[PDB]
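Numbering starts at 1 and runs along the sequence shown. For ligands, and for the atoms within them, numbers begin at 1 and follow the listed sequence.
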Amino acid sequence: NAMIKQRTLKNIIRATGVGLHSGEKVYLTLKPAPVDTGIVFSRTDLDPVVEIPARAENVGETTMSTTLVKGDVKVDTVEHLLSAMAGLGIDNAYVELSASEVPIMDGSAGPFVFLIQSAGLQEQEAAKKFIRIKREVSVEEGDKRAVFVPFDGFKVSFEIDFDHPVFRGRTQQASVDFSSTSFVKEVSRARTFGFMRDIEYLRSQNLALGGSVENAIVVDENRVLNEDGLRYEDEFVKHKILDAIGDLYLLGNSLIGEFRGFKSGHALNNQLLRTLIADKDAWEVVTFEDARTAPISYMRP
Ligand SMILES: C[C@@H](O)[C@H](NC(=O)c1ccc(-c2ccccc2)cc1)C(=O)NO
Ligand SMILES: [Zn+2]
């Protein structure tokens with residue numbers, strides 16, 4: 001008789017930071033929103049205020065980060081904040097930003113999960129809608145691949161392939177089944193990362209202006225440059241899982257299914273969502289009026 005309900009924020013919560021790509025200072029405000037609103041970004045620095053729903057149809061650029069666009073108005077680097085929202089099961093929220101990029105914080109979803117849980121969650125008087133994968137859907141480009149597989153729960157598998165001394169062994173693949181593994185404990189703290197030769201190229205072009213060892217793992221030709229080391233033995237692949245969860249949440253609803261990524265990035269993740277949405281026979285919308293019968297579990301609000 002206990003139904004799985006939609007969730008929003010119990011209180012407003014505020015954060016400040018800098019954009020990884022733009023280097024601009026930005027004020028972030030997360031606000032409660034009504035049932036069936038979904039996640040909506042709002043550029044409050046503009047006149048009039050521009051709202052951009054966090055949906056696959058509004059993705060505009062996918063080079064290095066996922067960017068939402070509406071006309072000429074952009075919201076860059078939404079993936080880590082959306083991963084935190086998805087991890088905590090937030091259905092409805094307003095995300096107000098004073099600039100064109102979500103703050104990078106420490107490069108992970110950790111600060112966002114903590115800010116959300118500090119504000120608390122509010123269950124709403126409406127059933128949470130899930131998108132259930134009924135048939136396999138895959139997208140490929142070159143040697144990159146991203147797949148949705150029917151699965152009674154939610155599971156993300158990812159494999160990276162870097163021919164580099166730091167990237168050897170079993171730490172290049174990971175699978176997380178959220179029926180037994182905690183998004184907060186095992187995925188949320190995984191930071192973004194960049195290779196020194198790529199970073200140098202980006203800096204030569206006056207790009208990635210906000211990036212440093214304070215908000216990213218920096219790896220040169222042989223080692224991790226961050227003095228204090230890694231948060232997980234497999235932090236790099238866990239961050240790709242974090243990215244995939246955030247990019248997947250642009251479907252607008254939590255998924256019941258499995259994602260498998262092989263060298264996939266924001267572009268291929270978004271192509272997978274667009275293929276799934278277009279293949280209506282591959283999915284269905286489902287609700288759980290009895291939480292006992294559900295294959296996905298959310299933490300108490
Ligand atoms: C891991 C990869 O998918 C991506 N991150 C980057 O592309 C990236 C690019 C540049 C930096 C960087 C780090 C330090 C200084 C300058 C740039 C960090 C991450 C990412 O996390 N997208 O969400
Ligand atoms: Zn990322």
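Between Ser212 and ligand 1, a contact under 3.5 Å exists for no N or O pair. Of the polar atoms of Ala208, none of the N or O atoms is found under 3.5 Å from an N or O of ligand 1, judged by distance alone. Taking distance alone, with nitrogen or oxygen atoms compared against 3.5 Å, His80 approaches ligand 1 more closely than that limit. For ligand 1, one of its N or O atoms has an N or O atom of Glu79 under 3.5 Å away.
Atoms of ligand 1 lying under 4.0 Å from at least one heavy atom of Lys240, given by number and element, are 3 (O). Which parts of ligand 1 touch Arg203 is read off a 4.0 Å heavy-atom cut-off, strictly below it: atoms 15 (C). Counting the atoms of ligand 1 from 1 in the order shown, those under 4.0 Å from a heavy atom of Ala216 are 13 (C). Near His239, meaning under 4.0 Å from any of its heavy atoms, are these atoms of ligand 1: 21 (O).
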Requested in this report: Take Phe167 and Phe195, measure what ring-ring contact (aromatic ring centres under 6.0 Å, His included) needs, and give me the verdict at the end.
Outcome: CA-CA 12 Å; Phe167 290 83; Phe195 290 92; 5.4 Å; yes

Report task. Any chance you could lay out the ring-ring contact (aromatic ring centres under 6.0 Å, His included) test for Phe130 and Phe288, step after step, and finish with the verdict? Result -> CA-CA 9 Å; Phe130 293 82; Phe288 300 94; 5.4 Å; yes

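Under 4.0 Å is where a charged nitrogen must lie from a carboxylate oxygen, and between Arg197 and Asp220 no such pair does. A salt bridge between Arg203 and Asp198 is absent, with no side-chain N of the basic residue lying under 4.0 Å from a carboxylate O of the acidic one. Classification of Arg132 and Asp152 as a salt-bridged pair fails, no side-chain N sitting under 4.0 Å from a carboxylate O. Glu235 has a carboxylate O that lies under 4.0 Å from a charged side-chain N of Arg191, or vice versa, which qualifies the two as a salt bridge.
Among heteroatoms of the N, O or S kind in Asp243, OD1 lies nearest the Zn ion (ligand 2).
Listed for the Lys128 side chain is a donor-acceptor partner under 3.5 Å among the backbone atoms of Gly89. Remark: the backbone N or O of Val237 is not paired with any side-chain donor or acceptor of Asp234 at under 3.5 angstrom. Between the side chain of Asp91 and the main chain of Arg7, a donor-acceptor pair closer than 3.5 Å is present.
Ranking protein heavy atoms by distance to atom 3 (O) of ligand 1, first place goes to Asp243 OD2, 3.3 Å. Closest to atom 5 (N) of ligand 1 among all protein heavy atoms lies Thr192 OG1, 3.0 Å. Protein heavy atom closest to atom 11 (C) of ligand 1, with residue, atom name and distance, is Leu20 CD1, 4.2 Å. Counting only heavy atoms of the protein, atom 10 (C) of ligand 1 lies nearest to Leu202 CD1, 4.0 Å. Nearest to atom 22 (N) of ligand 1 among the protein's heavy atoms is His266 NE2, 2.7 Å. For atom 12 (C) of ligand 1, the nearest protein heavy atom (residue, atom name, distance) is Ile199 CG1, 3.8 Å. Shortest contact from atom 8 (C) of ligand 1 to any protein heavy atom: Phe193 O, 3.8 Å.
Rounding to 10 degrees, one finds that the Zn ion (ligand 2) sits at the corner of an angle of 100° between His80 NE2 and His239 NE2.
Residue side and main chain included, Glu79 places no N/O/S atom under 2.8 Å of the Zn ion (ligand 2).
Counting heavy atoms from C-beta outward, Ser100 and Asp76 have side chains that stay 4.5 Å or more apart.
The shortest separation from a heavy atom of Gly265 to ligand 1 is not under 4.0 Å, leaving the residue out of contact.
For the pair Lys70 and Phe41, the cation-pi criterion (under 6.0 Å, within 45° of the ring axis) is not fulfilled.
The aromatic rings of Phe183 and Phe178 lie tilted to each other, with the angle between the two planes from 30° to 60°.
Of the options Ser264, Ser65, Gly211, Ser108, the smallest heavy-atom separation from atom 15 (C) of ligand 1 is shown by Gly211.
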